[PDB]
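What follows is one structure encoded as structure tokens, with my remarks underneath.
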Amino acid sequence: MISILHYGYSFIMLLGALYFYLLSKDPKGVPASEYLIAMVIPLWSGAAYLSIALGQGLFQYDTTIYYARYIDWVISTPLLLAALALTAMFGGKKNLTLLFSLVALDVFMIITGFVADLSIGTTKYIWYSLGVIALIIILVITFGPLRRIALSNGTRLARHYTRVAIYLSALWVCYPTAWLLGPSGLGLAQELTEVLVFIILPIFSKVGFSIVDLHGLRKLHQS
Amino acid sequence: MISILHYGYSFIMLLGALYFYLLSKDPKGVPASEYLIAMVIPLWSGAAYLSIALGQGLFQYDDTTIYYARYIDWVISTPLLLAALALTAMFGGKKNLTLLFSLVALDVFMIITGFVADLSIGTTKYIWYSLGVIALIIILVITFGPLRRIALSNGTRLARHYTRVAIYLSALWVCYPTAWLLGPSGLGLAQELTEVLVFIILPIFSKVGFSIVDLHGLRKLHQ
Amino acid sequence: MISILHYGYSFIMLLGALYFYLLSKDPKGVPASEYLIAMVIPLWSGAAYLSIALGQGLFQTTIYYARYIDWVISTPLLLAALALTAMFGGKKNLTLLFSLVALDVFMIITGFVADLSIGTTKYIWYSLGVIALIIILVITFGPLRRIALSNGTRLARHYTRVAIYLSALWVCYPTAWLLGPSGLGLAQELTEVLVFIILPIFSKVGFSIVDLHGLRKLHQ
Ligand SMILES: CCCCCCCC/C=C\CCCCCCCC(=O)O
Ligand code: NA
């Protein structure tokens, strides 16, 4: 079942990528860069999850580590944060320093998750905690300085940014929650339960987010 | 013999790098970035192939030799070659870094599928190989489609040079996955020594040959 | 003791990062990018050294592989910081900056490979890293210093100071490497551990204190 779920996921990622490509052909004022980002996220996640489906992107450590998830997130999650940052900056001057601040925090976050998964006892929760601290700083930037950039770009953009910021932030907190509850953490949730959460969540983050984000930006277009 | 061939290759890479450096000292209107790219490609490839020569950049897997240092080489050298080709198309005009990074992304993915395919067995090997070939087809479509149209937007003389270097590189591109599939990593029709010689001779034309043709053609545009 | 030293180091890195963040809040004409670089260097090094403290970032000769994970990010960022100092108040030369980044990343990789190697092979890789370092030094005191000079007497004086500071530390690393267990094995493991605790405090925090203070002073 776990293999089949991952095959299904990869197919949905492909469909998402194709939808974003078709959107890119009639871009409605959204720069090509934002369509490229929207396409890379699901295609990369799709490839990573395909490796799990084929029984390659996981190994035994007694307990199963789905290491292909970290290979996925270390690329897909910084790209999602870049997408969010470019949305805030839409129609205005770019702040690439702030964008790369978020990328740096996020990459660190995913690495702490991988190391935590390879760790046991207190060490696991030290790494997990450092990842959570990274996430809190990302949230502070998202609803603080990055939102202030969004506000500087007008009422309609700021309203859209706030919506996609809440959307992504809601999903963000779900990942480390599922991680902690599942076999990698406290082991309250069964393996199959965790697998389903990390199949369903990413559909909303790797395709859902970009549908909402691109549609909202496209709606701002005159003509 | 395999060791000696790799020592020889690394020395040729060094000579190529030095030639591009000397060219960079009298640049004839070619930006320093294009000389840097031209130098990094052979130096990186040279280092990777030196590791094979020293007997480090290979190991035994499925009773076959995996020259993993080739993938370490290509994952850096091949995206840089595509960047060189993309900057040639954009020479004397506005840059399209979105298209450039599209090619970089496709190419890095392509090399990764090759590494995973080499580590795989049976149907799984050819699933990864196939995804890499799909990436290459999209690269070729970009190269002779939208990227060539950028070249044409920069005038007859530039477009003529771009088309020449695009054909040169494209011809070499298709050879790599052909040799891969025919050799021990794939169907095993071609002998290991034959594959070794192909992956010594081809790269001399791509790591040095391409940049000689590319830089000379761009330099000729100078008055 | 080795564990305790690494915990202490990671705490100093955290304090350094916090200081640079506080400085960033009243930037005095220094772009946010230079404060971001100053913060990433110690935080990344701190994380890597924490992994050694926890007994994870090494395998047993003992290879402290977490040092290479540290340097492959921290050292290119230090060179970027130095390059941006040279270019302060003038046009950026990102080609020269990325030239230094490329040389430096290659340099650290040769160090890791050399550490995993034995005999003549080890010293071939070590030698390639040294050649990379020499080219970095030639760029630092040649073309990069020329950019600094083009940006006025006060900037050039500050650049020259931080260039000598960083260059002094640079040459120490491959010297200690060669003398220690990774190389000739003349220096004891504990001695090498202390050197690679003390040196980095001066490079990951010291350099940016001197660098940022000097640039901030140009606001007046
Ligand atoms: C396989 C993973 C590789 C992913 C690396 C690249 C992902 C693409 C992300 C961003 C694209 C950058 C576009 C830069 C826009 C500059 C403006 C322009 O000239 O078009
Ligand atoms: Na070019």
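Every chain is numbered from 1, with letters handed out A, B, ... down the list of sequences. These values consider heavy atoms only, across backbone and side chains, with no hydrogens, waters or symmetry-generated copies. Counting starts at 1 for both ligands and their atoms, in listed order.
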Run the numbers for me: atoms of ligand 1, each under 4.0 Å from some heavy atom of [X], listed by number.
X: B:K95; answer: 19 (O)
X: A:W44; answer: 1 (C)
X: B:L97; answer: 16 (C), 18 (C), 19 (O), 20 (O)
X: A:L36; answer: 8 (C), 11 (C)
X: B:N96; answer: 19 (O), 20 (O)

### Message
To make sure I understand the geometry: which N, O or S atom in B:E34 is closest to the Na ion (ligand 2)?
### Response
OE1
### Task
Check B:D214 and report its N/O/S atom nearest to the Na ion (ligand 2), by atom name.
OD2
### Task
Output the distance between atom CD1 (B:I212) and atom OH (B:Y168), rounded to the nearest 0.5 Å.
7.5 Å
### Message
Quick one about A:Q56 and B:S120 (side-chain donor to acceptor, distance below 3.5 Å, no hydrogens or angles considered), yes or no?
### Response
yes
### Task
Would you check if there is a donor-acceptor pair between the side chains of C:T95 and B:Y35 at a distance under 3.5 Å?
no
### Query
Is the closest side-chain heavy-atom distance between B:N154 and B:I150 below 4.5 Å?
yes
#### Entry: Non-hydrogen side-chain atoms of B:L18 and B:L14 separated by less than 4.5 Å
no
### Task
Report the relative orientation of the aromatic rings in B:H216 and B:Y19; use parallel for angles under 30°, tilted for 30 to 60°, perpendicular for over 60°.
perpendicular
### Task
Classify the ring geometry between B:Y176 and B:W74 as parallel (under 30°), tilted (30 to 60°) or perpendicular (over 60°).
perpendicular
### Query
Does the N or O separation between A:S33 and ligand 1 drop below 3.5 Å for any pair?
no
### Query
Nearest to atom 15 (C) of ligand 1 by heavy atom, B:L106, B:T98, A:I41: which?
B:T98
### Query
With a cut-off of 3.0 Å, does B:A84 place any N/O/S atom under that distance from the Na ion (ligand 2)?
yes
